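>
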Amino acid sequence: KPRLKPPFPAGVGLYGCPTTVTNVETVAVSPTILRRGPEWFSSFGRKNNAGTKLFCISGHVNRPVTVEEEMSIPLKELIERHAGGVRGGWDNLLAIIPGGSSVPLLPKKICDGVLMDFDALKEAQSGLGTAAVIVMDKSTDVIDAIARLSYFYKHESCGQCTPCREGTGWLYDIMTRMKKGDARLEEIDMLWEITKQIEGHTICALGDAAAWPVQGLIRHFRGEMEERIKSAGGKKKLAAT
Amino acid sequence: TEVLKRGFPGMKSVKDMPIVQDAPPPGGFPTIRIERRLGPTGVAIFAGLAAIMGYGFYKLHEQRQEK
Ligand code: SF4
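Protein chains in written order, with full-length UniProt numbering: chain A, 243 to 483; chain B, 2 to 39, 43 to 71.
Below you can see the structure in the form of structure tokens.
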């Protein structure tokens, strides 16, 4: 169950002693960077975004792979090469989450042209996250994917603080009703309002991690959700009359 | 909330909730009277009274002669 900042782990960490927590990848590259030089490390990437990165590519990819590549490489280059492209071709691509599961996803328009960078995906209202690639095609139910992500987050929330603990189930039920179309147009804005409610109001960032994917889902595919909502009337309102 | 009350299966939006109240019938109620809604000639009344009284006088004279 996480603590609150302030205080910091460096000020007070494990057993009240100074402590710095680091990622495996950041630690591992250090001797190579020390041995081969910060100048050599800075030779790659754009400004403030130097170096290489390990990339995990999954989804509907012809050649899923965990590969090392230079930063700032375009998604299209990073996927068509070293991963065999999209199953069914690039034109069959629907959406891609470029930074794992906590960052907003990007549609085909945004993805084609954008690079894998911290300061490039951020301005696209997304994030590099863990630089993990998930690829979805046109035969995929994007709503089901986001609902399953929300269910995962609901099961993964620790429940220490009120907003996340009580809103994960609410978000899951909202998404589940959206999946069957048993929802209304204004309830989409209601969902966005709830996401704004949770975001930045909890103890840790897990609330943001759960709120962000649905935010981007709505922002980039609100047409799909409304189409589903109306379409349920063709299979639910026929008995109401 | 109110969706569970006035909503119907397959309702697409909240604006579609029907409302059934005590309302005037189409066209409105018919018009009503508001203001106040309202004899014999005095000459005719006096003529009738005088005729009756004169008949009484003639009867009085006749009965007086008989008496
Ligand atoms: S946001 Fe969720 S997981 Fe994070 S501390 Fe609060 S309740 Fe726990």
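Where is the CB? At the ideal position from N, CA and C, for every residue including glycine.
#1: Between the region 423-453 of chain A and chain B, which residues of the former have a C-beta closer than 7 Å to a C-beta of the latter?
#2: Who does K295(A) pair with in a DSSP beta bridge?
#3: Does the pairing of the region 2-16 of chain B with the region 433-448 of chain A give three or more beta-carbon distances under 8 Å?
#4: Starting from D379(A), trace the beta strand (DSSP E) in both directions and tell me its first and last residue.
#5: For chain B, find out if any of its Cβ atoms is closer than 8 Å to the Cβ of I275(A); answer yes or no.
#6: With a CB to CB cut of under 7 Å and the five nearest residues on each side skipped, what residues in its chain are close to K13(B)?
#7: Which runs of the alpha helix (DSSP H), 4 residues or longer, sit entirely within the region 425-478 of chain A?
#8: Check for me: the beta strand (DSSP E) holding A252(A) runs from which residue to which?
#9: Would you report the Cα separation of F360(A) and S392(A), rounded to the nearest angstrom?
#10: Does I471(A) come within less than 8 Å of chain B when only Cβ atoms are used?
#11: Taking a cut-off of 6 Å, which residues have a beta-carbon closer than that to any heavy atom of the ligand SF4, in chain order?
#12: Along chain A, in chain order, which residues have C-beta atoms closer than 8 Å to that of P10(B)?
#13: Grab the span of the alpha helix (DSSP H) containing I275(A) for me, first residue to last.
#14: I'd like to check one pair, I388(A) with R470(A): are the Cβ atoms closer than 8 Å?
#15: Less than 7 Å between C-beta atoms, sequence neighbours within five positions excluded: which residues of the same chain meet that for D354(A)?
#16: Is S399(A) buried or exposed, if buried means 16 or more other CB atoms sit within 10 Å of its CB?
#17: What whole-angstrom Cβ distance do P340(A) and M358(A) have, given they're in contact under 8 Å?
#18: Could you give the DSSP three-state label for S300(A): helix, strand or coil?
#19: Tell me whether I388(A) sits in a helix, a strand or coil according to DSSP, three-state version.
#20: For chain A, find out if any of its Cβ atoms is closer than 8 Å to the Cβ of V21(B); answer yes or no.
#21: Report the rounded CA-to-CA distance for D379(A) versus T483(A), giving the unit in angstroms.
#22: If we call anything under 8 Å between Cβ atoms a contact, is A474(A) one with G423(A)?
#23: Cβ of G475(A) less than 8 Å from any chain B Cβ?
#24: Between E312(A) and the rest of its own chain, which residues show a CB-CB distance below 6 Å, the 5 nearest in sequence each way excluded?
#25: Suppose contacts are defined by Cβ-Cβ distances below 8 Å. Is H302(A) in contact with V377(A) by that definition?
#26: Candidates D383(A), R464(A), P349(A): which alpha carbon is nearest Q367(A)'s?
#27: Would you verify that the beta carbon of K6(B) is, or is not, closer than 8 Å to some beta carbon of chain A?
#28: Give the range of the alpha helix (DSSP H) segment to which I338(A) is assigned.
#29: So, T372(A) versus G342(A), is the Cβ gap smaller than 8 Å?
#30: From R34(B) to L53(B), what distance separates their C-alpha atoms?
In short, the structure shows the following:
#1: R426, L427, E428
#2: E311(A)
#3: no
#4: 374-379
#5: no
#6: none
#7: 427-440, 448-473, 475-478
#8: Per DSSP, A252(A) belongs to no beta strand (DSSP E) and is neither H nor E.
#9: 24 Å
#10: yes
#11: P244(A), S399(A), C400(A), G401(A), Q402(A), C403(A), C406(A), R407(A), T444(A), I445(A), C446(A), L448(A), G449(A)
#12: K478, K479, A481, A482
#13: 266-278
#14: no
#15: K318
#16: buried
#17: 6 Å
#18: strand
#19: helix
#20: no
#21: 37 Å
#22: yes
#23: yes
#24: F286, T294
#25: yes
#26: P349(A)
#27: no
#28: Where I338(A) is concerned, there is no enclosing alpha helix (DSSP H), although the beta strand (DSSP E) it sits in stretches over 335-339.
#29: yes
#30: 39 Å
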